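Written below as structure tokens is the structure these notes are about.
Protein chains in written order, with UniProt numbering: chain P, 30 to 182; chain X, 30 to 175; chain E, 30 to 182; chain U, 30 to 173; chain L, 30 to 173; chain A, 30 to 175.
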């Protein structure tokens with residue numbers, strides 16, 4: 030069974046592979062962002078969108094994993110094995126979770142098509158050799174770098 | 030965050046717990062059923078249903094867990110711990126997976142409302158003493174009654 | 030009870046927690062700004078806005094804190110203890126005060142939705158690792174080019 | 030900045046001065062009453078009223094005060110100072126908290142007009158010389 | 030199952046906590062009042078009100094409790110245990126029964142809105158420090 | 030009586046204090062600017078503006094203070110006191126004069142509302158940490174943007 034988590038969203042694992050593995054934020058930062066913005070929609074009984082469904086299942090899965098980590102911590106007869114297992118989950122499996130969280134959380138705030146155009150643009154930027162690479166890398170945002178606001182009444 | 034996977038589908042973890050743990054098929058039987066019925070849909074480029082989205086994520090997750098199991102098998106020199114961890118994955122997480130696979134696969138085969146009614150009515154049938162219930166265990170079926 | 034100061038205003042502690050401690054002005058600077066812009070409204074008997082009320086509350090709380098600080102400085106007869114307490118109040122409770130003063134003062138000047146959007150984008154920026162982060166942070170300012178010309182008709 | 034806590038709500042510090050300091054209920058009791066009647070409203074994202082906002086502000090700051098008190102209780106190596114500081118926060122910063130908690134919690138239950146009317150009458154009563162002061166001090170109630 | 034006895038009737042266990050345990054009247058007196066005023070309604074086949082149903086449930090269960098107490102009084106061959114068990118049922122299961130009997134019997138006589146309004150006011154009174162607490166505690170009455 | 034010179038002009042002593050004392054130009058620069066731009070108007074027979082009236086009174090007052098300074102210089106035999114008094118006039122009263130001259134001269138050059146907005150926005154810019162503000166100090170200007 031060759032499922033790609035992104036195929037139904039029109040992305041691919043190769044397109045996100047355009048991003049380097051150290052690009053993605055920490056798990057803590059992504060979970061904090063998700064809790065702050067979409068905790069009330071994610072916990073709702075509505076099929077708000079496929080992004081919410083995916084994000085929900087993934088959070089439950091990461092939870093079952095952290096539970097496994099705590100279980101290994103309390104029920105093992107070896108510190109080395111205990112460390113080896115905890116590291117694999119918080120490192121190898123973590124990178125995968127960080128990538129999915131970023132895509133969905135970014136597709137829900139910025140919008141899917143914005144994320145695909147971002148991925149293409151960043152791919153072009155990072156492929157460029159550093160000698161000719163401009164300093165300002167592409168970034169997802171709504172507002173201009175410097176915002177002009179004045180209020181009157 | 031506090032989430033039930035079933036809340037968007039109108040079910041609850043309590044309702045799935047209502048049926049006994051022995052009821053749900055093996056992971057092998059559920060994965061073979063899901064592949065045979067729905068492989069082409071799950072691999073499709075489109076959100077055929079939220080049931081498909083959930084199933085996709087879950088299958089990817091079980092794949093990752095089995096990869097972890099193989100990794101422990103090959104890297105963990107300690108066999109006592111090796112067995113302990115491999116067993117936890119295929120017992121606890123195995124039963125969490127079996128329940129979800131059964132629900133989604135069954136909701137696609139027989140329809141969600143049918144599965145919810147089946148969960149309620151089978152749970153009450155198991156609770157009922159055998160002298161005062163219909164003699165056969167309730168089963169989902171797709172054949173016409175004639 | 031569990032109360033979030035910004036929940037009523039459409040923001041969360043998580044959303045504001047991304048701002049670094051270097052970002053907020055000093056207590057003096059914020060109290061000067063609040064008094065200069067909004068003193069006559071804050072002293073007013075009408076409730077101009079909930080933010081105005083929140084600012085009054087925070088100001089009174091900081092005043093009571095500085096009062097207890099002077100008390101210890103004149104009451105506590107230990108030079109070591111005197112310092113520990115005075116420092117905790119100007120540093121820990123000081124940074125908490127600076128964060129709230131900035132939010133309300135800025136929500137009064139720019140507008141609440143503007144401030145929340147700024148927070149979201151600045152968060153996206155501070156979460157980007159420095160190797161990929163654009164070198165200048167997003168800015169919320171009332172000046173487009175720090176040059177004031179006579180207004181058009 | 031000459032901010033008055035009650036000026037926006039139509040009262041003054043002088044008017045509250047009419048009540049004696051001892052009259053105000055203990056912090057624990059006031060907090061329990063607030064939790065019992067308004068916990069859901071206080072934690073809600075809507076601005077129910079200005080008084081609700083003021084009560085939240087008072088709560089979160091008293092919380093910060095108890096946090097600093099806990100900080101001196103775990104860090105200060107002097108039992109003399111440790112005691113002095115904690116005593117100024119539970120007695121001196123607590124009598125101000127008690128006053129504000131009473132005004133807002135009472136304006137939410139009875140109504141602010143009623144609360145301010147009760148401040149004038151209690152004043153008249155405490156001013157009455159004991160030979161003529163009636164044994165029943167004024168009390169707030171919602172009885173029909 | 031986190032069932033709250035008074036939640037359906039618009040009250041909470043926290044709100045009833047405001048009254049002291051000693052305040053509630055004795056079981057015998059409450060049962061006599063219920064019999065005197067509502068015996069016919071309670072025994073009727075119609076559902077007069079939800080409160081009437083709750084009162085019937087409370088009565089029939091207290092009856093079962095006294096039945097089990099009678100059972101330990103006639104079967105247990107130990108006077109030590111016989112006493113202990115019976116004492117937990119008349120004191121510990123009796124204070125809960127007294128609370129429910131009071132709420133429902135009082136909601137039937139006064140009205141539930143009135144009963145809940147009396148719970149807030151008694152709270153205000155018991156919170157008042159004794160130096161200012163008036164000698165007349167709040168009381169329910171039907172006087173016009 | 031309690032008067033702010035700025036109250037009739039919609040400003041306050043607090044708002045002028047908001048800008049740092051170092052900001053305002055010297056008395057020489059302000060008097061030269063006022064003479065060059067507005068001498069003919071200030072000397073005119075008419076109330077061109079309340080800004081002109083205020084400026085007129087203030088200039089006459091500074092003239093009187095400078096006369097007092099010269100008088101002390103020539104009559105006061107004591108040099109310690111002579112220096113002490115001359116310094117007080119050109120430091121304290123000097124900064125009170127510099128602030129008022131800047132406000133009125135600037136209100137005539139750029140318009141009152143522009144000057145009030147500049148006072149607010151420059152004060153907030155000085156308060157803002159340098160990493161999170163526009164890099165240049167706000168300046169009043171009369172040139173078109175093109």
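For each residue, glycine too, the CB sits at the ideal point set by N, CA and C.
For residue i versus residue j, is the C-beta spacing smaller than 9 Å?
i: residue 132(A); j: residue 169(A); result: no
i: residue 107(E); j: residue 110(U); result: yes
i: residue 98(E); j: residue 118(E); result: yes
i: residue 148(P); j: residue 44(P); result: yes
i: residue 124(A); j: residue 38(A); result: no
i: residue 30(X); j: residue 63(P); result: yes
i: residue 40(E); j: residue 144(E); result: yes
i: residue 164(P); j: residue 159(E); result: no
i: residue 89(U); j: residue 34(E); result: yes
i: residue 183(P); j: residue 36(X); result: An answer regarding residue 183(P) cannot be provided, because it is not within the stretch 30 to 182 covered by chain P.
Using DSSP with H/G/I as helix, E/B as strand and the rest coil, what is residue i?
i: residue 169(E); result: strand
i: residue 178(P); result: coil
i: residue 39(U); result: coil
i: residue 93(L); result: helix
i: residue 104(P); result: coil
i: residue 112(A); result: helix
i: residue 88(P); result: helix
Give me the chain U residues within the contact set of residue i, using Cβ-Cβ distance strictly less than 7 Å, ordered along the chain.
i: residue 150(L); result: 170, 171, 172
i: residue 100(E); result: 117
i: residue 107(E); result: 107, 110
i: residue 122(E); result: 93, 97
i: residue 114(E); result: 101, 114
Spatial neighbours of residue i within its chain, please: C-beta separation below 6 Å, excluding the five flanking residues on both sides.
i: residue 177(X); result: In the structure displayed, chain X extends from 30 to 175; residue 177(X) sits before or after that span and is not available.
i: residue 114(P); result: 101
i: residue 68(P); result: none
i: residue 77(X); result: 70
Please list, in chain order, the chain P residues whose beta carbon lies closer than 7 Å to that of residue i.
i: residue 30(X); result: 64, 68, 71, 72, 88
Leaving out the 5 sequence neighbours to the left and right, which residues in its chain are closer than 7 Å to residue i when beta-carbon positions are compared?
i: residue 122(A); result: 94
i: residue 59(U); result: 127, 130, 131, 134
So which residues of chain E does residue i contact, with C-beta pairs closer than 8 Å?
i: residue 52(P); result: 158, 161
Going along chain U, which residues have a C-beta under 9 Å from residue i?
i: residue 42(L); result: By Cβ distance, chain U contributes nothing, its closest Cβ being about 10 Å from residue 42(L), past 9 Å.
What residues in its chain sit with their C-beta under 8 Å from that of residue i, if we drop five residues either side in the sequence?
i: residue 150(X); result: 167
i: residue 66(X); result: 134, 137, 138
i: residue 171(X); result: 138, 139
i: residue 61(A); result: none
i: residue 85(X); result: 71
i: residue 105(A); result: 111, 114
i: residue 152(E); result: 44, 47
Would you mind telling me which residues of chain P sit closer than 8 Å to residue i, beta carbon to beta carbon, in chain order?
i: residue 139(E); result: 178, 180
i: residue 154(E); result: 168, 170
Counting only Cβ pairs nearer than 7 Å, list the residues of chain E close to residue i.
i: residue 143(P); result: Going along chain E, no residue has its Cβ under 7 Å from residue 143(P), so there is no contact; the nearest lies around 12 Å.
i: residue 57(U); result: Per Cβ cutoff of 7 Å: no residues; residue 57(U) is ~13 Å from chain E at best.
i: residue 61(P); result: 43
Residue i versus chain E: which residues are under 9 Å apart at the beta carbon?
i: residue 76(U); result: 37, 38, 79
i: residue 34(U); result: 85, 86, 89
Show which residues of chain U have a CB atom less than 8 Å away from the CB atom of residue i.
i: residue 197(L); result: In the structure as shown, chain L starts at 30 and stops at 173, and residue 197(L) therefore has no counterpart that could be examined.
Q | Any beta strand (DSSP E) of 3 or more consecutive residues that is wholly inside the segment 48 to 81 of chain A | A | none
**Q.** Secondary structure, beta strand (DSSP E): runs of 3+ residues fully inside the segment 115 to 175 of chain E
**A.** 168 to 170
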